[PDB]
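First, one chain by itself: the form solved without ligand PAB, in structure tokens.
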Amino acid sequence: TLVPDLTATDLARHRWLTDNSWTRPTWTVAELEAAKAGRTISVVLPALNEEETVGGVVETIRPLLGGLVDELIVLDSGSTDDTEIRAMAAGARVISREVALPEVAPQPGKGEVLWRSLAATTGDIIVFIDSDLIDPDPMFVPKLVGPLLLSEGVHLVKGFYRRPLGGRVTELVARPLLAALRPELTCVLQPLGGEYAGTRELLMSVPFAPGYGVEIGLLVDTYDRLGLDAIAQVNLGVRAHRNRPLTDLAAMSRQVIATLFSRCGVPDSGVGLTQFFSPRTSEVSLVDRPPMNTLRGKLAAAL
């Protein structure tokens, strides 16, 4: 709704940008493992036909397994290339969507994959890392769990990259719509980012938007449920932005809008996006997977 007591200048100076945003994280793996205090950490890589990059991402994280990281899983979304064998050969456990939750038939999309990994993992903390990253740095996982292990009351950590010496959906769609609908969340540098960590308590109890909606849906549901102070962001390093075609970005934008409208009380038409020059159509989903807590008691493998 209408928030005339908040201005763009207020946001640019917001205290949250100081206490909850680490622009130069300096934690070490030893002291983070020290602060685990009995909490376990699961790392999850969603993967659909990522044979060229998945091993390289797994390798940057594998030295943490058995120490800081307790579980390192690639959640395979029906890949037909060599994603699975290469992930296993890089030291990761690979789980299909069917094995993660066999009672429910798989739907397409990233959100489905991450939702199912809630049922396949056991960590009190779950880190998500895209498996298409070309230049993954081995400090990703430690910088994402920093605030969850040390700071009090953080439940979601979004990892951002500073741009070198620009994601267009993020800059033109996600952040401006957040300015209009959830203005405090414009403090989050990269709301659509694929690198983030969250507590199991939180993630088990919110729905999962399907497809490309999942990241922004999780951000907005966390904010609505727990306030801005429950969210943090950390600099993961200097990744430069990878190229995608505008037609991909247009359909992705449509789903980002539907997922945001869904959480912000805005009635979405449900009509997919047509593109011309001729016609090219795409589809949008308006139904989330319900909170995974909903399925408790009724699974062969317990939660």
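Sequential numbering from 1, following the sequence displayed.
From this point on, the text means the form deposited with ligand PAB bound, which you will not see here.
Partner contacts here mean any heavy atom within 4.5 Å of ligand PAB in the deposited bound form, and among 110 to 118, 87 to 95, 143 to 151, 197 to 205 they occur only in 110 to 118. Taking the partner from the other structure, ligand PAB in the deposited bound form has a heavy atom within 4.5 Å of a heavy atom of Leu48.
Shown without its partner, the chain has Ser77 as the single residue in segment 67 to 101 with a non-hydrogen atom within 4.5 angstroms of ligand PAB in the deposited bound form.
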